[PDB]
Each structure stands twice: as structure tokens, then as C-alpha cells.
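This document opens with one chain alone, in C-alpha cells, the form solved without 1-methylindole-2,3-dione.
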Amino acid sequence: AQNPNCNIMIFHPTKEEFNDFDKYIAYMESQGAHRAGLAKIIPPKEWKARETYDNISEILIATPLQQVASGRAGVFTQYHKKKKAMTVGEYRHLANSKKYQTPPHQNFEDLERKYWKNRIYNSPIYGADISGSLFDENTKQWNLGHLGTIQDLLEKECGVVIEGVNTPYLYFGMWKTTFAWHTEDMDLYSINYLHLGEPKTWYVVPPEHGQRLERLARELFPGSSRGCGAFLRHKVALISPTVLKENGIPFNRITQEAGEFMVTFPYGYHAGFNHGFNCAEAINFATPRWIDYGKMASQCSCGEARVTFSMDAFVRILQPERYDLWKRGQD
């Protein structure tokens, strides 16, 4: 078995290897990359996402989210308070202000220490889930707006034609902005490109050990657990690497820098934070190996978790028994 310790693997494809997206994902998995839950892909030196980022300041963040924490430094939840709209130029200025800017630090490890010590005492503002893309239409390789769709994958594998679309989302971050412990909708893959700015640090639990994280989460957030059998779908819970180690949860960590791709694999729980002002683009995708994970994916039916239009068909076809109750998530 490849990669039995479930290490995060880093790949350096050649420009020739960067042509066929599906083929390279399959290659990564042949080397055991999926066992970690997360992989890094460094693009060929000849590749670029677009020419420059000089003209992005007029993009609108219609609903910036202030991430307010509750709990203790290593075990907390966050809720998202809606703020007034602002442009990316305005957001960048805010990120760089004295109130919100990255503190002086020695290295990534020093900044990580500062994050877990002090995160809960601040409320950074995030521009998340903004439909759009910053890939040039002429970028032919690993263009996240030009991937094969999940709906076409399901049709190719299972022969059923379904409604729905999937398109990329942009994320504008600042120091301490946080993504909570989660797997993707329907335990899909995700791919994330860091277009510009400061790094993003990731934590990940191997898919074969996901239930260990779930059990700890139930212990650490007992009221939330009683409210919903899949409350990590709410994407609001944080657990520090120190607390994971104290409880024997297997995990790994890695820092993503501008110009690098990360791929998360089916049922790979992940969480993380941004180092400073940055912009990332991400989208979900599927492969034939995903189908069995989609069939088994937990669902939130308490009504808290966000439901995309396109997830309906996934639940309807892959989980027909759960569909009525999940669809009771409704409204």
C-alpha cells in the first residue's frame, strides 16, 4: 500500500503532465496521495493563471463576514456576522490596517503559535463564497472554471442525467480568517488555488480516520451534537493541533503559498487559517472513486447546513432513502 503513514504529498508536474487533469489526479492517487486527505501541487514554471492581478480591486464582496468566536483558545466555535458590502480594494485596505494586519513574526511556526494563542480574542472579516473566477479564459491547464462537471461525472459513471451546475468560488482573506473543520458537500473532492497574497495554513485528518475526529467533536461540542447528527456540516467548529494531539487524533499540517494548488480528497476533514491578505479560488469536483463516498456521506437535516441547488440531485440519486428527510431540510 502506497503512503501508509498518510503523509501530505507534494507534486511537481511537468508542463506535459499538466495537460490532462483527470489523468494527473489518478496518478497522484496511484502514489497514495489521497490517504492523507490533502495534497499540494506546484504548477510547472512555464504556467500562469493569468497575466497580472493589477485590475481586481473593483470586484465586489457583497456580504463580508465577521468571524466571531466563542469558547476557549483551542476549542471554539465561530459565527458569521454579515457586514456592509465593500470592494476588494476596500477590503485589502482594511486587511492591512493596524487593527487587522498580520503581526511581526519569525517564521510560519511562530505565526501558527500566535494564531492558536490569540485567534478567539479578535473577529477578522472574510469575503467567502463569491461566485466567479480569476483564471484567464486562455489558460488551458488546471483552469478551475473549465473542469469537467460533477453532473457529467455522475452521468458518465451511473448513466443518469441530472440538473445542476457547478462553478468556482473566490475567497478574500485576512490575518486570522478561519475555515472550520469540515469535509466537502457529499464528501466531494475540492481543489483550491491561492492566486495572490499571504499564505494559508491547512490541517487535515486522513479519510480512513475521519470518524475519530467526529467522535472527538461530539465530546467537545456536546450541545451541538445533540442538536444534529452531522453538525460538522455547519462548518463552525475549531479544534487546535494541541487538542488533537492530546486526544490522539491522527492529522497533518502544511502551509500553502501563492501560486500553489491544494486538493482535498473525499472525506478528508480539513481546517485552517490565512496569514494575511490573500485571494483563493476553489471548486468541488468528482472522479469515479468518489461515487462510493457520495453514497455514504453524512447529511445535516436539522436545517442549519447550507444547501446548494445542485446538491439536491446528488442526494436524490445516490441517497434516495435519505432524500425525503434531508429535503425536509427544505426551508
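Start at 1 and count along the sequence shown; that's the residue number.
Heads up, the form deposited with 1-methylindole-2,3-dione bound isn't pictured, but that's what we're talking about next.
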- Task: Just superimpose the C-alphas near the binding site, carry 1-methylindole-2,3-dione over as positioned in the entry with it bound, and say whether the shown chain is open or blocked by the 2.4 Å backbone or C-beta rule (3+ atoms for blocked).
- Result: blocked
- Report yes if any heavy atom of residue 300 sits within 4.5 Å of a heavy atom of 1-methylindole-2,3-dione in the entry with it bound; otherwise report no. yes
- Message: At 4.5 Å between heavy atoms, is residue 305 in contact with 1-methylindole-2,3-dione in the entry with it bound?
- Response: yes
- Task: Using the arrangement in the entry with it bound, list in sequence order the residues of 304-324 with any heavy atom within 4.5 angstroms of 1-methylindole-2,3-dione.
- Result: 305, 307, 311, 315, 322
